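Protein chains in written order, with PDB author numbering: chain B6, 1 to 94; chain BL, 1 to 147; chain BY, 1 to 155; chain Bb, 3 to 129; chain BD, 1 to 255; chain BP, 1 to 120. No residue lacks a Cβ here, since even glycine has one placed at the ideal position from N, Cα and C. Take a look at the structure below.
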Amino acid sequence: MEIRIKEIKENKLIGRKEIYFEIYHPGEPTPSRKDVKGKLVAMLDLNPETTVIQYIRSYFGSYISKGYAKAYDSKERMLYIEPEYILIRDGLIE
Amino acid sequence: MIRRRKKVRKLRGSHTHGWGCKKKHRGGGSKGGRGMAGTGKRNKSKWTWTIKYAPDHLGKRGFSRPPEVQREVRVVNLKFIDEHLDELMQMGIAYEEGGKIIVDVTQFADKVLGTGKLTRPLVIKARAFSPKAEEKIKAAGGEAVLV
Amino acid sequence: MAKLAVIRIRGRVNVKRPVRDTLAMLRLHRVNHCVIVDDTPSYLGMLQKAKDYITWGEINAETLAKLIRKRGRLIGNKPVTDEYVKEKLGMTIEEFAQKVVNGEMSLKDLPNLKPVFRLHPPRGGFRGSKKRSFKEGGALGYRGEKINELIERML
Amino acid sequence: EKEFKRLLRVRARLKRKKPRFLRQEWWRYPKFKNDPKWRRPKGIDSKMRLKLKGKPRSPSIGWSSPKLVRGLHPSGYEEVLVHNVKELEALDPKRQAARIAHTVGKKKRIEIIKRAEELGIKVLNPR
Amino acid sequence: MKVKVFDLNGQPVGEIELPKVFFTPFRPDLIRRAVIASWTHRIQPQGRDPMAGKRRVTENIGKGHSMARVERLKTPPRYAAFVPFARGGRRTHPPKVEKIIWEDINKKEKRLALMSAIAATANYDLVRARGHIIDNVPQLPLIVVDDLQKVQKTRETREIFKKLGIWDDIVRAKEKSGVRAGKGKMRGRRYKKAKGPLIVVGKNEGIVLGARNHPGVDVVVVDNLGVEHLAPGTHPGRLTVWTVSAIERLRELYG
Amino acid sequence: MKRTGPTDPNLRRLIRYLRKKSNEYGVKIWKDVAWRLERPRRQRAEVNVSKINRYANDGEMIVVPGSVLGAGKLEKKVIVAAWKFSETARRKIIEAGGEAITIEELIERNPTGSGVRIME
RNA sequence: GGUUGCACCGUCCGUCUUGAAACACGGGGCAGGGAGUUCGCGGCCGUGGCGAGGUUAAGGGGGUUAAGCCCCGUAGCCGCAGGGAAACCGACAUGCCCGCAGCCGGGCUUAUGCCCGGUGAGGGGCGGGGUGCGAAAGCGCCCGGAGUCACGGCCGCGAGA
RNA sequence: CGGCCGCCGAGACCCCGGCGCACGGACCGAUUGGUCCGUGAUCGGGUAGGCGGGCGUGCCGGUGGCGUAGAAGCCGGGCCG
Numbered sequence: 001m002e003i004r005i006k007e008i009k010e011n012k013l014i015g016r017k018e019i020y021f022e023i024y025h026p027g028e029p030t031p032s033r034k035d036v037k038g039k040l041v042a043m044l045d046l047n048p049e050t051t052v053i054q055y056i057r058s059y060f061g062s063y064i065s066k067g068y069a070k071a072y073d074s075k076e077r078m079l080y081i082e083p084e085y086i087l088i089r090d091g092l093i094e
Numbered sequence: 001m002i003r004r005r006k007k008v009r010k011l012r013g014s015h016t017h018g019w020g021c022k023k024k025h026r027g028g029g030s031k032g033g034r035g036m037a038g039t040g041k042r043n044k045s046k047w048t049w050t051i052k053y054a055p056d057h058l059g060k061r062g063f064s065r066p067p068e069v070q071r072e073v074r075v076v077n078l079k080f081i082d083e084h085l086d087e088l089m090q091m092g093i094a095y096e097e098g099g100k101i102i103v104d105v106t107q108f109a110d111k112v113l114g115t116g117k118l119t120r121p122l123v124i125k126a127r128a129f130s131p132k133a134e135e136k137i138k139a140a141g142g143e144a145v146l147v
Numbered sequence: 001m002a003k004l005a006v007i008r009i010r011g012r013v014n015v016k017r018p019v020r021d022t023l024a025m026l027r028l029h030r031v032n033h034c035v036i037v038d039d040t041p042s043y044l045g046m047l048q049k050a051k052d053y054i055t056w057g058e059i060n061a062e063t064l065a066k067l068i069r070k071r072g073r074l075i076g077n078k079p080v081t082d083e084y085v086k087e088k089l090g091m092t093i094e095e096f097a098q099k100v101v102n103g104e105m106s107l108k109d110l111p112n113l114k115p116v117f118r119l120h121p122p123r124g125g126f127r128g129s130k131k132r133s134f135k136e137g138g139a140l141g142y143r144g145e146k147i148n149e150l151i152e153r154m155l
Numbered sequence: 003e004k005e006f007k008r009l010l011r012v013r014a015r016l017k018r019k020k021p022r023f024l025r026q027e028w029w030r031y032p033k034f035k036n037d038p039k040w041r042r043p044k045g046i047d048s049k050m051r052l053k054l055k056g057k058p059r060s061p062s063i064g065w066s067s068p069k070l071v072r073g074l075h076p077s078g079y080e081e082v083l084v085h086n087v088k089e090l091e092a093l094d095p096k097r098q099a100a101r102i103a104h105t106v107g108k109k110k111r112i113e114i115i116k117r118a119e120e121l122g123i124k125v126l127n128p129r
Numbered sequence: 001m002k003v004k005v006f007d008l009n010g011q012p013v014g015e016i017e018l019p020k021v022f023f024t025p026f027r028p029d030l031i032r033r034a035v036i037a038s039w040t041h042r043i044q045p046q047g048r049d050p051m052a053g054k055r056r057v058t059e060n061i062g063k064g065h066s067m068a069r070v071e072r073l074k075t076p077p078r079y080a081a082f083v084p085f086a087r088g089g090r091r092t093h094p095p096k097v098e099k100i101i102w103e104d105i106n107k108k109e110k111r112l113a114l115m116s117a118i119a120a121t122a123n124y125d126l127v128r129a130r131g132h133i134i135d136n137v138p139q140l141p142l143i144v145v146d147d148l149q150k151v152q153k154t155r156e157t158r159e160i161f162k163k164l165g166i167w168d169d170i171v172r173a174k175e176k177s178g179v180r181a182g183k184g185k186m187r188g189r190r191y192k193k194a195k196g197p198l199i200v201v202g203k204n205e206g207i208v209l210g211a212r213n214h215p216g217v218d219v220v221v222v223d224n225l226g227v228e229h230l231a232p233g234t235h236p237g238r239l240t241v242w243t244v245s246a247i248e249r250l251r252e253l254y255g
Numbered sequence: 001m002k003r004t005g006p007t008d009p010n011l012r013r014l015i016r017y018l019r020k021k022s023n024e025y026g027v028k029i030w031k032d033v034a035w036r037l038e039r040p041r042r043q044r045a046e047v048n049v050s051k052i053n054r055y056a057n058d059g060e061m062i063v064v065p066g067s068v069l070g071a072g073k074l075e076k077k078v079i080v081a082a083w084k085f086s087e088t089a090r091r092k093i094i095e096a097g098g099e100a101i102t103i104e105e106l107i108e109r110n111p112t113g114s115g116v117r118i119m120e
């Protein structure tokens with residue numbers, strides 16, 4: 001598979017980069033967060049536990065999928081404006 | 001949420017529209033007479049009914065009480081009182097005599113019945129008691145006082 | 001023992017629910033699908049009923065080898081060739097056939113091959129007709145080794 | 003590159019086409035409508051419901067298209083209706099093509115076409 | 001979790017503890033049942049005339065003439081009554097005044113729905129979906145000092161928003177979202193604005209007398225707050241601007 | 001879903017968390033906890049705290065796919081994890097039991113499915 | 001795409017009906033209009049809150065331009081014990097045994113998975129119990145705490161339905 | 001009429017590719033739903049009827065768009081389903 005970062009917003013008040021993915025999967029599964037997670041760590045050169053991936057949808061079988069992630073400077077700050085539900089779903093803890 | 005027409009459809013164009021033959025949808029006859037009609041009928045009508053035990057028989061036999069003659073009572077199990085004891089704080093607690101707690105049932109005015117066990121000694125005052133209720137209260141180390 | 005190949009020529013239509021179901025119990029549903037059955041009196045019996053609906057007869061080893069090869073497969077696009085049989089169990093396809101013929105093993109034991117083979121029409125068509133029995137010269141019922149012909153045309 | 007499997011199905015769709023599945027006999031009465039409109043022959047009587055030959059085909063699911071191919075335009079691409087310049091954003095020029103809505107004026111349309119070609123997105127109209 | 005309280009110079013001072021309600025699980029399904037319930041309650045009845053079809057007598061035109069036995073009127077052959085096929089005939093199932101108009105929702109249930117809509121504001125993801133565009137990101141929701149409530153003049157409450165960076169949201173609310181499609185506009189409910197921030201105060205009556213002016217801005221107190229204001233059309237995550245006494249009194253959640 | 005299937009988002013998300021656990025650690029139990037949630041509403045647990053007391057000795061991890069419902073003794077050192085509790089229930093369990101804890105924090109207690117007993 | 005020639009096949013539609021191309025019934029053509037609806041009550045279902053209780057209705061305080069929502073009222077209904085016509089009496093927060101899920105143990109396949117022993121909530125089967133009939137016995141009904149309220153819809157009945 | 005041989009001749013049956021359903025596995029979502037893979041020889045006619053998914057119409061609310069550099073509507077054509 002291959003992922004590109006399509007559109008970029010930056011909020012420096014809370015010190016993150018926020019990113020939109022346009023995912024190309026060609027006859028292969030709708031991606032888990034984890035498979036996006038290892039590949040993303042290589043592009044950013046930032047730790048895996050700081051990089052938090054949420055919300056994904058899945059189109060009609062055409063081979064584009066959308067999703068969002070956020071890449072954080074500090075690891076206190078993936079828990080200030082981001083609730084329980086994402087984090088547990090990533091598998092950061094445990 | 002289900003659109004009835006969505007099911008009826010313009011769809012099914014059954015046009016019968018979940019009724020069957022066209023002849024069927026009509027008057028009282030499909031129903032077998034109006035309402036409860038036909039229960040009584042000796043003749044075929046409804047006999048059997050859309051009741052599970054079918055229809056129970058007709059002749060309500062037996063007699064009426066005057067409303068006045070019915071004292072109401074209000075029954076409570078010892079189980080209810082016993083579980084609630086800590087919640088019952090408003091009602092006195094006397095460790096020395098009276099059992100563990102002194103409860104006048106009369107806060108809920110009632111006849112006390114025997115079901116359940118009694119975890120503590122209770123001194124219970126009530127309008128009435130069953131003999132089973134007496135045995136369990138005494139076994140707990142409590143006492144029963146009749147008002 | 002003797003092994004027979006059974007093929008249903010006649011469709012589900014005009015069958016008794018007892019015979020039609022018997023055919024399903026033969027592991028034969030449809031037209032032109034063929035099955036391997038052992039000769040036991042209990043086993044024999046299903047075919048006896050079926051007789052009017054079906055063609056049966058004992059096959060040659062050679063003809064059996066051509067049918068296992070093309071037609072056979074539990075699942076998957078993959079054909080049952082020497083190599084595939086070999087991974088199953090036994091040395092090769094030849095041994096595997098000799099063992100089936102002896103009745104030493106079965107297809108199931110060896111798993112990943114089916115008890116039903118979806119066989120071909122006979123080219124030159126049904127061997128006599130669906131109307132009548134083997135004696136009468138028609139396709140139905142117990143046949144000789146001449147079953148070889150019906151199945152070869154079937155592949 | 004784009005795929006082979008997608009071509010395979012696109013060719014099937016061309017080749018295969020579709021009958022018409024405009025509602026039962028339509029020529030006969032002008033009442034029986036206007037050039038769209040299937041409704042299934044609900045009648046018992048029907049030869050088309052009886053499915054006698056020559057009485058056109060009635061719809062069955064069997065007739066469909068491959069999912070991957072359904073909804074694809076005739077140059078292979080994927081439609082996105084585009085009302086404006088903002089709608090153009092996040093449109094993959096390689097996969098998708100834009101249709102400017104009929105409603106849209108020349109005044110917006112000049113801005114839309116010129117920006118859509120810089121994004122590399124094939125448009126349609128003008129001017 | 002603490003949230004900075006801000007002076008009216010648009011700068012932080014202190015940080016104070018956040019109430020329970022803001023942690024509560026996100027539950028659009030609860031809010032939806034609640035929002036639906038409030039809307040149906042503020043519907044005014046609808047009918048159709050009940051004596052119609054008694055003003056049109058209706059008589060039967062017989063047989064023996066190769067038409068139906070369906071009733072017309074005496075002298076003209078026209079529209080009648082006791083028909084649904086005809087022009088002028090009854091409609092079939094006219095609207096009644098006995099039509100449903102209430103949906104209960106439990107006092108326990110409603111408060112939980114309220115909690116659920118306020119909690120949604122703390123979240124970034126709901127807040128951007130709702131359409132509020134915020135330049136003051138770590139300040140979800142924003143609490144400001146008690147002096148803000150006493151302000152009741154439009155010019156004064158305006159200035160303060162620009163300095164806080166939350167005037168930008170009203171700019172959004174200016175964009176028109178109720179010149180509606182459809183003929184029904186004529187009867188009313190056209191040429192109107194859109195929603196924007198919700199302002200909660202503790203004091204200075206039940207509304208602020210200068211903040212009802214501002215576009216899309218709806219004012220309330222904590223003793224009147226309802227799901228409709230907090231998350232209309234079942235879309236929570238609508239930005240709030242809080243008053244220190246309001247946060248304290250909400251702390252005491254009751255019902 | 002089509003007939004039976006939570007409309008509550010919090011409940012549906014918990015089932016999805018449960019599936020991942022089943023796969024990654026390879027135990028059966030969490031998936032069992034998913035099927036019990038999956039049942040209709042009048043088929044999910046209604047658990048009494050004198051029913052807790054009566055079954056399974058101290059220090060075991062009770063997983064309840066419904067509600068714990070107080071009034072009744074509970075003298076066991078059992079630790080209850082559950083989808084909801086009464087106000088009344090929470091007190092009995094936290095005074096005698098190992099603790100009252102939420103079921104979405106059950107991950108933190110026991111993610112692997114040793115020493116657990118399902119109860120309803 | 002229009003039209004037409006050619007090949008092949010095709011005796012409307014809807015309805016009645018066992019059988020309709022019909023010498024069964026209905027229709028000139030077109031446009032518009034046109035039919036599963038509301039309340040109460042019961043039986044179901046899904047979903048949601050709360051919890052051995054649960055919900056308010058009627059109402060007036062309050063808020064608002066008005067009003068909904070908010071908080072307040074808890075009358076009453078149902079549930080929490082049943083049986084009996086009534087008099088009137090009043091029960092298992094567990095004694096025994098299986099065993100689904102799961103947990104625990106051994107063996108086994110590369111793995112999933114499998115075979116076998118405990119432990120077994122939920123569930124299943126006894127015992128002992130309440131009460132009614134009863135000299136008695138024997139059954140009838142009931143018994144080791146889950147419901148209430150809310151929302152949509154299916155279905156019954158009364159209503160023009 | 002009693003034999004026989006070669007052929008012709010279905011939507012059956014075989015065979016490539018595709019589609020839906022059912023079931024398993026995985027993933028995705030804030031609900032419904034969707035996607036990816038695997039298995040199906042023993043899944044795919046259909047009236048009464050039962051169920052399940054989508055479409056469209058009118059208006060309301062939120063949200064987010066369009067219009068005199070041309071809306072709706074009308075008529076013919078193009079494309080998708």
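Exercise for the section: Compare the C-beta of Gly61 (chain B6) with all C-beta atoms of chain Bb and state if any pair is closer than 7 Å. Expected result: Judged by the 7 Å Cβ criterion, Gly61 (chain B6) is in contact with chain Bb.
Practice task
Measure the Cβ-Cβ separation of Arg12 (chain BP) and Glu60 (chain BP) and say whether it is below 7 Å.
Solution key: Inclusion of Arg12 (chain BP) and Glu60 (chain BP) in the CB contact set at 7 Å is not warranted, their separation being larger than that value.
Practice task
Please confirm if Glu49 (chain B6) has its CB atom under 7 Å from at least one CB of chain BP.
Solution key: No, because no Cβ of chain BP sits closer than 7 Å to the Cβ of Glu49 (chain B6).
Problem - Contacts around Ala81 (chain BD), its chain only, beta-carbon distance under 7 Å, and the 5 residues preceding and following it disregarded - result: So the list reads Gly53, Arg56, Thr58, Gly89 and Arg90, once near-sequence residues are dropped.
Exercise for the section: Spell out a yes or no on whether the segment 168-187 of chain BD and the segment 116-127 of chain BD are touching, meaning 3 or more CB-CB pairs, one atom from each, closer than 8 Å. Expected result: Taking 8 Å as the limit for Cβ pairs, the verdict is that the segment 116-127 of chain BD does not touch the segment 168-187 of chain BD.
Problem - Residue burial classification, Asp45 (chain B6) (beta-carbon count within 10 angstroms, cutoff 16) - result: Exposed.
Practice task
Spatial neighbours of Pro95 (chain Bb) within its chain, please: CB distance less than 8 Å, with the 5 preceding and 5 following residues excluded, ordered by chain position.
Solution key: Cβ within range, chain order: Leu121, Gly122, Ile123 and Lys124.
Exercise for the section: Would you verify that the beta carbon of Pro111 (chain BP) is, or is not, closer than 7 Å to some beta carbon of chain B6? Expected result: Under the 7 Å criterion on CB atoms, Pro111 (chain BP) is classed as interfacial with respect to chain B6.
Exercise for the section: Assess, as a yes-or-no matter, whether the segment 2-11 of chain BD is touched by the segment 216-228 of chain BD under the definition of 3 or more beta carbon pairs within less than 8 Å. Expected result: The segment 216-228 of chain BD is not in contact with the segment 2-11 of chain BD.
Handout entry: Close Cβ partners of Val49 (chain BP) (< 8 Å) along its chain, the five nearest in sequence each way excluded
Key = Contacts found: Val68, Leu69, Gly70, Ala71, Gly72, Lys73, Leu74, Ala89, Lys92 and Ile93.
Exercise for the section: Can you have a look at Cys21 (chain BL) and say buried or exposed, based on whether 16 or more other CB atoms are within 10 angstroms of its CB? Expected result: Exposed is the call here.
Handout entry: Contacting positions in the segment 9-22 of chain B6 - beta carbon closer than 8 Å to chain BD
Key = Listed by position, the residues of the segment 9-22 of chain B6 near chain BD (Cβ gap below 8 Å) are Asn11, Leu13 and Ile14.
Exercise for the section: Determine, using beta carbons only, whether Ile56 (chain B6) comes closer than 7 Å to chain BD. Expected result: No - not a single Cβ of chain BD is within 7 Å of the one on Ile56 (chain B6).
Handout entry: For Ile103 (chain BP) and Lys79 (chain BL), the rounded distance between their alpha carbons
Key = Those two C-alpha atoms are separated by around 31 Å.
Practice task
In angstroms with no decimal places, state the Cα-to-Cα distance between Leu140 (chain BY) and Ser42 (chain BY).
Solution key: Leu140 (chain BY) and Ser42 (chain BY): Cα-Cα distance of roughly 21 Å.
Handout entry: Close-in-space but distant-in-sequence residues of the same chain around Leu18 (chain BD) (CB under 6 Å, 5 per side omitted)
Key = Result list for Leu18 (chain BD): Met1 and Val3, in chain order.
Handout entry: Inter-residue CB distance, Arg33 (chain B6) and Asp90 (chain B6) (contact presumed, cutoff 8 Å)
Key = Their Cβ separation, rounded to whole angstroms, is 6 Å, which keeps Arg33 (chain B6) and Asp90 (chain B6) in contact under 8 Å.
Handout entry: C-alpha gap between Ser14 (chain BL) and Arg5 (chain BL), whole angstroms
Key = Their backbone Cα atoms lie some 12 Å apart in a straight line.
Handout entry: Closer than 7 Å to chain BP by CB, residue 257 (chain BD)
Key = Not covered by the structure: residue 257 (chain BD). The range shown for chain BD is 1 to 255.
Practice task
Could you name the residues of the same chain whose beta carbon sits closer than 8 Å to that of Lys107 (chain BD), not counting the 5 residues immediately before and after it, in chain order?
Solution key: Excluding sequence positions up to five before and after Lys107 (chain BD), its CB lies within less than 8 Å of the CB of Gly255, all in the same chain and listed in chain order.
Problem - Contact with chain BP by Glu94 (chain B6), beta-carbon distance below 7 Å - result: Closer than 7 Å to some Cβ of chain BP, the Cβ of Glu94 (chain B6) qualifies, so yes.
Practice task
Flag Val241 (chain BD) as yes if its beta-carbon sits less than 7 Å from any beta-carbon of chain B6, otherwise no.
Solution key: No, no contact with chain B6.
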